[PDB]
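K.L.:
Experimental structure and its sequence below.
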Amino acid sequence: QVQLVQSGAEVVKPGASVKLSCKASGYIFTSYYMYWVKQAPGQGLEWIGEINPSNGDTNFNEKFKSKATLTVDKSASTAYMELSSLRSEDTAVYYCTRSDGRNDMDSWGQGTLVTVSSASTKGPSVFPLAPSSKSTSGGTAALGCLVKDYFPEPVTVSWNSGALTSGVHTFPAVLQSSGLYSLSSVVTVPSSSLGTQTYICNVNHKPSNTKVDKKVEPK
Amino acid sequence: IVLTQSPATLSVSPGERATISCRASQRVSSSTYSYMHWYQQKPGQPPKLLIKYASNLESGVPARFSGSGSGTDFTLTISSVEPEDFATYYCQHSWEXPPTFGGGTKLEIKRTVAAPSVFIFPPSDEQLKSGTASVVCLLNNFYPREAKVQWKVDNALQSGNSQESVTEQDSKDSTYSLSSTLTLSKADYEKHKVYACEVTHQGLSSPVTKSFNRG
């Protein structure tokens, strides 16, 4: 399987730099061009530029030639993009994507959200949303995790290490009055098996290197 | 090169044909081949390659997708829409440097009216220990998106101190879910008795209240 795994979200102070990585596996790294692509929030997509990992040859969008610096480590099968002199308009999801012929872009990393802000990174607190008599409905129980007071985005939430995905809703974040974000992740399950199944939410906030697993049990 | 996608949004029922357009500001075809590609972006995911060189299905992509066109005018077609086709669709040319992308078409999926199922969650004992009380009201698997949530505390309508968030359309059933969270200090929380989420939605003939008594 072709895979591109990107580095984690980070907050960057205005004016500073950040260096993003893109680890390639499942193919010969030097046999495909690596592209990088910007997607601003709500926005669409902009090509930043290209690197040929066999030799380090690059080309850039004129729009990004002063903003972006591209390199590789062939022995780590990893491409890098360094973004310089970061401003507000640079807050965006950045993708790496491979191109076999400089035509289509056939495999994509998962994206790195770069937030440009003077505000400090903070990890979330995680609290259970326990299933109880007030969270049942026609043979189903709802349960969840409240992920509160983090910065910047994003948080990810899985259930049972990714084995529980049916019926999971991880809501879009809200901006609190504090300037910190919060969200909940919920799931509906059979009320019959509240005694016998185990539900754990796996919360990850990469900007603060914070990981919390919370077993959510009946109240 | 500027790629202009139309329409901006397209609303379609499962089983029906979907057709979206991408116009290039100049020609992106040689005499034999066309350098337009189409991607699908589902929420939180990167774009995924569907079609390359105008009409070549990417391996692994379902057969309901096709593409056509030459010169400047290109189309993507879903022959028979599935609910999992909820997505934004982008075109991209590879004729000149730099490659550029269109502004996207958002595909919305129509379905029948579904009333929300409503669940309420008192604050955890953990959270209360830290000085704050979040009360979460969940509205699950409803359609259409329009819904109203009001909080009542000892029957009194609350005027602020809540925030709502709505999901995107579900990829399997095309519904929405919504969370409303009421946030109070522990001290404010403990001065009242009854906490209620009152939910209005067109699939309900009168508002539905879910409540609990503190303790």
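P.N.:
Nice, thanks for sending it over. Residues are numbered from 1 along each chain as shown, chains lettered A, B, ... in the order given.
K.L.:
Spatially nearest residue to residue B:209 (excluding sequence neighbours)?
P.N.:
In space, not counting the residues next to it along the chain, residue B:209 is nearest to residue B:198; the distance is 4.9 Å by CB to CB, 6 or more residues apart in numbering or on different chains. For every residue, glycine as well, the C-beta is placed using N, CA and C.
K.L.:
care to break the chain down by domain?
P.N.:
No chain was given, so I picked chain A. For chain A, CATH domains of a matching chain gives the domain ranges A:5-116, A:125-215.
K.L.:
Sorry, I should have been clearer: chain B.
P.N.:
Using CATH domains of a matching chain, chain B is parsed into the domains B:3-110, B:118-214.
K.L.:
Make TSV from the ones you listed and add mean neighbour count to it.
P.N.:
As requested, these are arranged in TSV below (neighbours: other CB atoms under 10 Å in any protein chain shown):
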stretch	mean neighbour count
domain B:3-110	18
domain B:118-214	17
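K.L.:
okay, the ones you listed in a markdown table with distance to residue A:9 next?
P.N.:
Shown next, in a markdown table, are the domains of chain B (distance: least, CB to CB, whole Å):
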| stretch | distance to residue A:9 |
| --- | --- |
| domain B:3-110 | 13 |
| domain B:118-214 | 19 |
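K.L.:
The most centrally placed residue in chain B and chain A: what is the separation?
P.N.:
Here the mean C-alpha position of chain B is nearest to the C-alpha of residue B:168 (CA atoms, centre = their mean), at a distance of 2.2 Å. Distance, residue B:168 to chain A, using CB to the nearest CB, to the nearest Å: 8 Å.
K.L.:
how much space between the closest residue to that residue other than its chain neighbours and residue B:111?
P.N.:
Among residues not flanking residue B:168 along the chain, residue B:43 sits closest, at 4.7 Å (CB to CB, 6+ apart). Distance, residue B:43 to residue B:111, by CB to CB, to the nearest Å: 17 Å.
K.L.:
Residue B:29 now?
P.N.:
Distance of residue B:29 to residue B:111, given as CB to CB: 38 Å.
K.L.:
can you count the residues close to residue A:26?
P.N.:
Residues within reach of residue A:26, counting by other CB atoms under 10 Å in any protein chain shown, total 11.
K.L.:
I'd guessed it sits against residue A:32; true?
P.N.:
No: using CB atoms under 8 Å, residue A:26 makes no contact with residue A:32, being 11.2 Å away.
K.L.:
that older thread, using just helix, strand and coil, how would you label the residue nearest to residue B:168?
P.N.:
Applying DSSP: H, G, I helix; E, B strand; the rest coil to residue B:43 yields a three-state assignment of coil.
K.L.:
do you know how far it is from residue B:149?
P.N.:
When residue B:43 is compared with residue B:149 (using CB to CB), they lie 22 Å apart.
K.L.:
Equivalent analysis for residue A:156, please.
P.N.:
Taken as CB to CB, the span from residue A:156 to residue B:149 is 26 Å.
K.L.:
and if you look at residue A:160?
P.N.:
The gap separating residue A:160 from residue B:149 is 29 Å, by CB to CB.
K.L.:
Which positions are bridged to the residue nearest to residue B:209 in the beta structure?
P.N.:
As for beta bridges, residue B:198 partners with residue B:150, residue B:209 under DSSP bridges.
K.L.:
mind listing what the closest residue to residue A:136 other than its chain neighbours touches?
P.N.:
Excluding its sequence neighbours, the residue lying closest to residue A:136 (CB to CB, 6+ apart) is residue A:191, at 5.4 Å. Applying CB atoms under 8 Å, 6 or more residues apart in numbering or on different chains to residue A:191 gives the contacts A:131, A:136, A:139-141.
K.L.:
Next one: residue A:191 from residue B:159, what distance?
P.N.:
Distance, residue A:191 to residue B:159, using CB to CB: 35 Å.
K.L.:
which residues in chain B form helices?
P.N.:
With DSSP state H as the definition, chain B shows helices at residue ranges B:125-129, B:186-189.
K.L.:
looking at these, which is closest to residue B:153?
P.N.:
helix B:186-189 (9.2 Å; CB to CB).
K.L.:
What lies in contact with that closest one?
P.N.:
Outside helix B:186-189, the residues touching it (CB under 8 Å, 6+ apart) are B:123, B:128, B:131-133, B:214.
K.L.:
same check, this time on stretch A:80-90
P.N.:
Stretch A:80-90 is touched from outside by A:12-22, A:36, A:40, A:48, A:66-73, A:94, A:96, A:114, A:116, with contacts defined as CB under 8 Å, 6+ apart.
K.L.:
Cross the residues you listed against strands and list the overlap.
P.N.:
Secondary structure from DSSP state E places A:12, A:18-22, A:36, A:48, A:68-73, A:94, A:96, A:114, A:116 of these in strands.
K.L.:
buried subset of these?
P.N.:
A:12, A:18, A:20-22, A:36, A:48, A:68-70, A:72, A:94, A:96, A:114, A:116 (16 or more other CB atoms under 10 Å in any protein chain shown).
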